[PDB]
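Here is what each chain is made of, one letter per residue.
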Amino acid sequence: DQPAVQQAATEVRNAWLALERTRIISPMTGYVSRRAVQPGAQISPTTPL
Amino acid sequence: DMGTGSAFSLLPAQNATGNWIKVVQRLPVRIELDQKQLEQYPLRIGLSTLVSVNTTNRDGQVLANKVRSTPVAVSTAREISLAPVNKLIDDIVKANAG
Amino acid sequence: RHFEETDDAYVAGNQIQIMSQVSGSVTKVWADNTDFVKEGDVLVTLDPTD
Amino acid sequence: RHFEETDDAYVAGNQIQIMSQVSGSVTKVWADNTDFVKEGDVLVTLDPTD
């Protein structure tokens, strides 16, 4: 419970969330219409998929 | 497809200044070819073709409802194994350890 | 007259674009086109090295 | 009739825009238009000075 240890725990949590988000999950039930993503593409959080 | 192309367009379908004229819409359909004919008579992207669909039999399956556990397209040529880096690190550690 | 009619009516619904929360390189794809997707299913995977 | 026809068809396929994971300068280019390249082949090379 010491202040120093919890600081590092927060960073561990942020890194873990970063790693768990390498798998992109669908937020809605539906059907796929356009597909502009191919294996090997370089993706940022601004590129439609 | 659950869209007519105009769904995702980034521009107005018609001009604001002009009037409105009815236009019959079109809806794409995916058709899959047999792969033993392509290898001997190959195709190229964007070539025109006459399609004809036999619609005699009608079960009533308009929307797919089966999910698949196998990925469609997979590539692992950009994965780098970390053996030489691990060997270099070990050698450096042994060097600087006294 | 108690009826108004227009032939300029289309069918509208909700469509969602799929965007990553991170940056990476694609390694798999799980839905091609006109394929059914449930909520919570993976559609794309990235290289986890970094 | 029992059939439906349309001449608005066009063959379709997959295409990938090769992109680098890093910045730098080019010193080699291993292929040109209409060249058969296999998976895992080098297509471009950069200066490793930086």
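For this entry, the PDB record names cryo-EM as the structure determination method and reports a resolution of 3.11 Å.

**Remarks on the arrangement of the chains**
Contacts are most numerous between chains A and C, considering all five pairs of chains that are in contact. Between chain C and chain D there is no contact, and the shortest C-alpha to C-alpha separation is 8 Å.

**Some points on the interface of chain A and chain C**
Listed as interface residues are 29 residues of chain A and, on the opposing side, 30 residues of chain C. With both chains or domains summed, chain A and chain C bury close to 2700 Å², and 61% of this area falls on carbon and sulfur atoms. Here chain A is connected to chain C by one salt bridge. With its nearest N and O atoms 2.6 Å apart, the salt bridge here joins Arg35(A) to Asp32(C). The tally of links from chain A across to chain C stands at 14 residue pairs in polar contact. Elements with a minimum of two residues in the side of chain A that touches chain C: α1 (3–20), β1 (23–25), β2 (30–31) and β3 (42–43) of chain A. Here the element with the most residues in the side of chain A that touches chain C is β1(A); it accounts for three residues.

**Some points on the environment of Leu49(A)**
With respect to the element layout, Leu49(A) can be found in the segment after β3. Overall, the relative accessible area of 16% leaves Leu49(A) in the buried class. Note: C-alpha distance between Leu49(A) and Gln38(A) (eleven residues apart in sequence) is 9.2 Å. Apart from the residues within four sequence positions on either side, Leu49(A) is in contact with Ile24(A), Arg34(A), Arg35(A), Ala36(A), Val37(A), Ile43(A), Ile18(C), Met19(C) and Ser20(C).

**Section: the interface of chain B and chain D**
Contact residues are listed per partner, giving 19 residues for chain B and 19 residues for chain D. Between chain B and chain D the total buried area reaches about 1400 Å² when both faces are included, carbon and sulfur atoms providing 52% of it. Summed over the three residues of chain B that lose the most area to chain D, namely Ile45(B), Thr49(B) and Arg78(B), the buried surface amounts to 31% of that side. In this structure, the connection of chain B to chain D is made through one salt bridge. Residue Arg26(B) pairs with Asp8(D) through a salt bridge whose shortest N-O separation is 3.7 Å. Across the chain B-chain D interface, the total number found is six residue pairs in polar contact. Pairing between strand β1 (residues 48–54) of chain B and strand β1 (residues 3–10) of chain D: six bridges, direction antiparallel.

The rules behind each value
Residues numbered from 1 in each chain as written, not as in the entry; some residues may be left out. Chains lettered and ligands numbered in written order. Part of a larger assembly, values for the part shown. Heavy atoms only, no water. Contact = heavy atoms within 4.5 Å. Buried area = accessible area lost by both parts, 1.4 Å probe. Salt bridge = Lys/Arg side-chain N within 4 Å of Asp/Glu carboxyl O. Polar contact = N/O pair within 3.5 Å; in protein donor to acceptor, adjacent residues only side chain to side chain. Helix = DSSP H or I, 4+ residues; strand = E, 2+ residues; numbered from the N terminus. Buried < 20%, exposed > 50% of the residue type's maximum accessible area, 1.4 Å probe, protein only. Pairing = 2+ DSSP bridges.

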